[PDB]
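Residue numbers for the sequence shown follow the working numbering, beginning at 121 and rising by one.
Note that the Cβ used here is the ideal one computed from N, Cα and C, for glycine as well.
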Amino acid sequence: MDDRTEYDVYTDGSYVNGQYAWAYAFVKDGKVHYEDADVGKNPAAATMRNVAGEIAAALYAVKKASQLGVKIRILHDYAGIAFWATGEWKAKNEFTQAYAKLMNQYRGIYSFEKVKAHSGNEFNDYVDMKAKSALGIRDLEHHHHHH
């Protein structure tokens, strides 16, 4: 059992009240190394959420996947990514291409596939509930506020 065989990315955090939150679980070998989820998916959010570090190294994993002949697929957000692609103008060099992010579109290692499946594997449910936590969803018998 080696991670030569595809890569899986859990990101199906069911949106609530139309509000979108980003949830991600980096799973290898079928084992989730870690997961997290919060609201506000922006590059500058790294000031609070340093998750962007792993996501940056995952960019190299995407680039590496080309060499192996494999790729990954995202099954949730493909809309917000398109914003940074038109930030200033055409992405110059891989540096600006990383800033654009959506520029990766021409690279056949990334794509979006939309299926309808409520057969969500438990590992995805794990990160899904984590996303609800970011919106402030707790058990209704519990509350978390300040004056």
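**Item:** In DSSP terms, what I194 is bridged to
**Value:** In DSSP, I194 forms a bridge with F232.
**Request:** Return the Cβ separation of residue 269 and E233 in integer angstroms, given the expectation that the two are a contact with Cβ distance under 8 Å.
**Result:** Here the chain covers residues 121 to 267 and nothing more, so residue 269 does not appear.
**Message:** Going by DSSP, what residue range makes up the beta strand (DSSP E) through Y130?
**Reply:** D128 to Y130 is the span of the beta strand (DSSP E), which, as asked, contains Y130.
**Asked** At what residues does the beta strand (DSSP E) containing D248 begin and finish?
**Response** Unbroken run through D248 is the alpha helix (DSSP H), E242 to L255; no beta strand (DSSP E).
**Asked** Apart from the five residues on each side of it in sequence, which residues of its chain come closer than 8 Å, Cβ to Cβ, to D149?
**Response** Hits under 8 Å: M121, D122 and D123.
**Message:** Please return the same chain residues whose Cβ sits closer than 6 Å to the Cβ of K161, not counting the five positions on each side in sequence.
**Reply:** Here the set comprises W142 and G200.
**Prompt:** Which runs of the beta strand (DSSP E) fall wholly inside the segment 145-214 and span at least 3 residues, in chain order?
**Reply:** Counting whole runs of 3 or more residues, the segment 145-214 contains the beta strand (DSSP E) stretches 151-159.
**Message:** Measuring straight from C-alpha to C-alpha, what distance separates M223 and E208?
**Reply:** Their backbone Cα atoms lie some 13 Å apart in a straight line.
**Asked** Would you call the CB atoms of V182 and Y230 closer than 8 Å?
**Response** Yes, the Cβ-Cβ distance between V182 and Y230 is below 8 Å.
**Request:** Let me know the secondary structure DSSP gives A143 once reduced to three states.
**Result:** Residue state, collapsed to three classes: strand.
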